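Given as structure tokens, the chain that follows is alone and in the form deposited in one PDB entry.
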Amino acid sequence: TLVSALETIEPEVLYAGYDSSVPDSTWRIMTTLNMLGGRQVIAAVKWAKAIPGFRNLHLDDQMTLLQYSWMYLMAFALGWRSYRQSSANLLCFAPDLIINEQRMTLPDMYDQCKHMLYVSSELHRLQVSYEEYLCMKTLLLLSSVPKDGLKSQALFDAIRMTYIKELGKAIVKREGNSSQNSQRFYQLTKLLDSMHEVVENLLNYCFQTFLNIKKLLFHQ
């Protein structure tokens, strides 16, 4: 029977996925941040294209750097804004979206909030300048490479070195003596290295609530 065929193929009702155990406010913060993050990624790719020496690289490498470094750039830009605006007290995601950690009732969220404040706290503790931050952020784009290697691995090695030199210049500009400079370079490069662990835990948290790489270091 033709009507029997229709009764058979009728799909089952779909569930909305509404979980009342998750409050409306925190649901709205999570979803708004997911959307904001999507737009920050687009903005990061547009920024990278404008970096001296970046488009000169191989299109597959440009693609793989951005795919490795997107959350490095966002968490770091988050740390900077949080330090400048709130002295590392709140997560300053956007001018119209400021998150107070002690308004986050589910523990996993709160612990991730606390961990994101670390980057901010270190930028505050070290009193990092705009010029230092700009150089450090360019270095975060060039901090992860595939074990299988890059196509334009030579031009990358050269450009990373030029940005390590521009950071040295930003440090120099604080007018510290040669001994203050070398310890400041050590401190800023240790923060850079610590980003790997920061991003892994943050990326873990984000996928957990939602559902080949060689991580370069300055210190071994």
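Shifts are known only where both forms have a C-alpha. Residue positions are given as counts along the sequence shown, with the first one as 1. Rigid core (definition): largest C-alpha set, two forms, superposition within 1.5 Å.
- In terms of unmodelled positions of the deposited sequence, the stretch from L211 to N212 in this entry skips 10 or more residues.
- Of the two segments, 179-187 and 54-62, the one listed with the higher mean B-factor is 54-62 (C-alpha atoms only).
- Of the two segments, 135-143 and 84-92, the one listed with the higher mean B-factor is 135-143 (C-alpha atoms only).
- Per the PDB entry, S152 shows the highest C-alpha temperature factor of the residues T26, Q40, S152, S69.
- The residue among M35, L192, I159, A48 whose C-alpha carries the highest B-factor in the deposited model is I159.
- Ranked against the other modelled residues of its chain, the C-alpha B-factor of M74 as given in the entry falls in the lowest third.
- Per the deposited record, the Cα B-factor of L123 falls in the lowest third when ranked against the other modelled residues of its chain.
- Annotation for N100: C-alpha temperature factor in the middle third relative to the rest of the modelled chain, per the entry.
The following text describes the form deposited in another entry, which does not appear among the structures shown.
- Relative to the superposed rigid core, the position of the CA of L203 differs between the shown form and the other one by less than 2 Å.
- Relative to this form, in that other deposited form the C-alpha atoms of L97 and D24 approach one another by 3 angstroms or more.
- Compared with the form shown here, the C-alpha atoms of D24 and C92 sit at least 3 Å closer together in that other deposited form.
- Where the rigid core is used as the reference frame, consecutive stretches of 3+ residues with C-alpha displacements of 2 Å or more between the shown form and the other one occur at 1-24, 207-211.
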